[PDB]
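Novice: Got a structure for you, questions after.
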Amino acid sequence: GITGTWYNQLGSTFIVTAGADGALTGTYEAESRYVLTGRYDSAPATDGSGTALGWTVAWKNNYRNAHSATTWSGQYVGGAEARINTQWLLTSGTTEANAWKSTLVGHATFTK
Amino acid sequence: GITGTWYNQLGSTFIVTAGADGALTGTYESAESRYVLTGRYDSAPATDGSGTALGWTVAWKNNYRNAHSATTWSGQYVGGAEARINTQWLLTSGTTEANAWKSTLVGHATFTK
Amino acid sequence: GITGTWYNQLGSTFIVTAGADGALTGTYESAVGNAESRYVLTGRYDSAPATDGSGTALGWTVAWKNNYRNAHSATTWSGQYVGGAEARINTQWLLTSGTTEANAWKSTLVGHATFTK
Amino acid sequence: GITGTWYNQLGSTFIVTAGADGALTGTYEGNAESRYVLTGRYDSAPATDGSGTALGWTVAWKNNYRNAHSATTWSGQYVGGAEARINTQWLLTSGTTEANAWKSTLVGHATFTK
């Protein structure tokens with residue numbers, strides 16, 4: 001039940017298809033729509049533990065380019081009240097002299 | 001200059017193809033140690049001397065093993081004749097909700113061509 | 001403002017004093033009601049915050065060693081104090097364990113935590 | 001072992017005293033307007049198996065001369081030897097409005113040399 005539409009508190013949403021390959025494809029949301037791609041464990045444990053996954057978005061589309069990219073690392077918790085809990089990293093292009101301020105960290109919980 | 005073969009501090013290698021649309025596709029070998037990678041990058045970076053932002057994902061499942069884990073690498077590409085990728089990474093393992101708090105490792109890694 | 005007792009719904013509390021000189025001093029109780037769950041906290045905070053509605057930057061550290069136990073590890077929380085009818089402190093944390101250099105790649109966990117007064 | 005003067009790449013220096021109590025005290029910097037107070041904790045009885053010593057400290061970027069309305073925390077470990085080093089991951093948080101809270105925290109890493 002990863003496949004579907006997910007919403008986050010700050011009002012971002014995304015649409016993903018989970019393939020049998022372990023591939024993740026979709027969009028993160030026209031001028032605000034970006035391509036997403038990632039991977040998940042297509043054979044998780046059945047001991048109650050969640051399903052590890054991660055995905056990337058580059059913040060460039062045919063309308064805008066913020067010269068940066070975000071990655072989300074987390075797990076999927078299934079059932080009726082399904083959730084994806086993540087932590088993310090956002091890196092912007094910078095000079096070497098200013099690389100030390102190039103990466104933000106944060107967290108986000110998604111609901112279906 | 002992203003397309004190609006990269007090696008890091010202790011024995012990891014990946015082969016990556018950077019596509020016009022901005023896709024990153026390739027293979028990550030942690031040493032049978034090969035795994036699928038996929039990610040995104042800025043295919044129209046600035047020309048003021050800044051680096052090129054990118055990120056990628058590896059889920060540690062191949063046909064030979066499954067670690068119930070995935071790592072994401074976030075960083076930037078730096079050209080030159082000393083071309084490199086500086087990243088920070090997050091590694092999340094599948095856990096029980098009770099153990100969620102210790103689900104995620106953080107680290108950094110530099111890669112060379 | 002910051003001075004007082006703070007709780008995280010997962011069964012943890014801390015008592016702190018925010019000093020005139022930017023210092024944070026108190027005790028962290030890992031497990032509500034458990035006296036052997038108590039550790040020294042120390043930190044720093046911005047004693048002259050912006051008055052534009054911004055929160056107050058702060059940080060503290062706890063090494064997980066006391067008279068009772070030693071986990072060979074330390075956590076640092078980085079975040080901000082946000083005033084309101086219900087005051088909160090929003091943080092990101094790092095937990096580092098001692099390891100050999102061979103295992104250093106797995107020495108540090110990252111997470112987040114919110115505390116309410 | 002930890003007590004002493006430490007250097008990292010960028011050009012930053014910190015002077016610290018490790019107390020018997022697990023206390024870490026010192027300064028992050030010798031000109032005064034670049035000088036900030038640090039406090040932290042360390043594992044005062046590390047494992048005896050080759051492991052490093054866990055430690056952490058905090059700096060609030062306010063002094064008599066300036067205020068950046070932010071704070072950095074360093075989390076890492078000390079590794080002894082004649083090439084002793086401190087390896088750290090860090091978090092820098094700035095005070096923001098409700099609206100900017102999502103970008104209030106930077107992460108990085110840093111190695112310090114004695």
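Novice: Taking C:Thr96 as the residue in question, decide whether it is among the hydroxyl-bearing types (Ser, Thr, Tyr), touching a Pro at 6+ places or on another chain (Cβ under 7 Å) and buried (at least 19 other Cβ atoms within 10 Å of the Cβ).
Specialist: No; evaluated as a whole, the condition is false for this residue.
Novice: Six or more apart or on different chains, Cβ under 7 Å: which pairs go from a residue in the range C:102-117 that's more than 29 Å from C:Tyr7 (Cα to Cα) to one that's part of a strand (DSSP E or B)? Could you list them?
Specialist: C:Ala104/D:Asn87; C:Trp105/B:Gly107
Novice: One residue is enough: does the range C:110-117 have a residue meeting the conditions of a type in the set (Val, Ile, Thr), within 17 Å of D:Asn87 (Cα to Cα) and at the interface with chain D (Cβ under 7 Å from one of its Cβ atoms)?
Specialist: No: the range C:110-117 contains no residue that is of a type in the set (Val, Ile, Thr), within 17 Å of D:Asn87 (Cα to Cα) and at the interface with chain D (Cβ under 7 Å from one of its Cβ atoms).
Novice: Could I ask something else about it? Give the number of residues within the range A:59-84 that are within 22 Å of A:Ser32 (Cα to Cα), out of contact with any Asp or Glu (no Cβ under 6 Å at 6 or more places or on another chain) and either surrounded by fewer than 21 Cβ atoms within 10 Å (Cβ to Cβ) or of a type outside the set (S, T, N, Q) (or both).
Specialist: 9
Novice: Let me ask something else. Can you confirm whether D:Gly76 is more than 7 Å from every other protein chain (Cβ to nearest Cβ), within 28 Å of C:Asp21 (Cα to Cα), among the small types (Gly, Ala, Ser) and under 14 Å from the mean Cα position of the chain (by Cα)?
Specialist: No; evaluated as a whole, the condition is false for this residue.
Novice: Restricting to the range A:18-39, what's the tally of residues that are more than 14 Å from A:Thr56 (Cα to Cα) and within 14 Å of chain B (Cβ to nearest Cβ)?
Specialist: Residues that pass the stated criteria total 5.
Novice: Which condition number in (1) crowded, with 18+ Cβ neighbours inside 10 Å; (2) closer than 21 Å to C:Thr91 by Cα; (3) more than 7 Å from chain B (Cβ to nearest Cβ); (4) touching a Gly at 6+ places or on another chain (Cβ under 7 Å) is the one that A:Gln87 fails?
Specialist: Looking at each condition in turn, A:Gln87 falls short on (3).
Novice: Here is a further query. For the range B:40-56, indicate whether the set of residues that are more than 7 Å from every other protein chain (Cβ to nearest Cβ), among the aromatic types (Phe, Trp, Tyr), touching a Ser or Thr at 6+ places or on another chain (Cβ under 9 Å) and not in a loop (DSSP other than H, G, I, E, B) is non-empty.
Specialist: No.
Novice: Quick one: count up the residues across the range A:6-39 that are over 22 Å from B:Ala100 (Cα atoms) and in a strand (DSSP E or B).
Specialist: 17
Novice: Looking at A:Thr37, A:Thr103, A:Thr17, A:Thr5, can you tell me which residue is touching a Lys or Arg at 6+ places or on another chain (Cβ under 9 Å), of a type outside the set (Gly, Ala, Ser) and within 26 Å of B:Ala18 (Cα to Cα)?
Specialist: Step by step, each of A:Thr37, A:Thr103, A:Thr17, A:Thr5 is checked, and only A:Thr37 is touching a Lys or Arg at 6+ places or on another chain (Cβ under 9 Å), of a type outside the set (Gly, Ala, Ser) and within 26 Å of B:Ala18 (Cα to Cα).
Novice: Within the range C:46-66, is even one residue in contact with a helix residue (DSSP H, G or I) (Cβ under 8 Å, 6 or more places away or on another chain) and hydroxyl-bearing (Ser, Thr, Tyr)?
Specialist: Taking every residue of the range C:46-66 in turn, none turns out to be in contact with a helix residue (DSSP H, G or I) (Cβ under 8 Å, 6 or more places away or on another chain) and hydroxyl-bearing (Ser, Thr, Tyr).
Novice: Taking the conditions exactly as written (surrounded by fewer than 16 Cβ atoms within 10 Å (Cβ to Cβ) and out of contact with any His (no Cβ under 8 Å at 6 or more places or on another chain)), does D:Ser44 satisfy them or not?
Specialist: Spelling it out, it is not the case that D:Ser44 is surrounded by fewer than 16 Cβ atoms within 10 Å (Cβ to Cβ) and out of contact with any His (no Cβ under 8 Å at 6 or more places or on another chain).
Novice: Which residue out of A:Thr56, A:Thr25 is of a type in the set (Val, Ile, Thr), under 15 Å from the mean Cα position of the chain (by Cα) and surrounded by 19 or more Cβ atoms within 10 Å (Cβ to Cβ)?
Specialist: Matching residue, one of A:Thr56, A:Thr25: A:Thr56.
None of the figures in this text is laboratory data; all of them are computed from the coordinates on show. Here the Cβ is made from the backbone with ideal geometry for all residues, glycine too, and neighbour counts use every protein chain on show.
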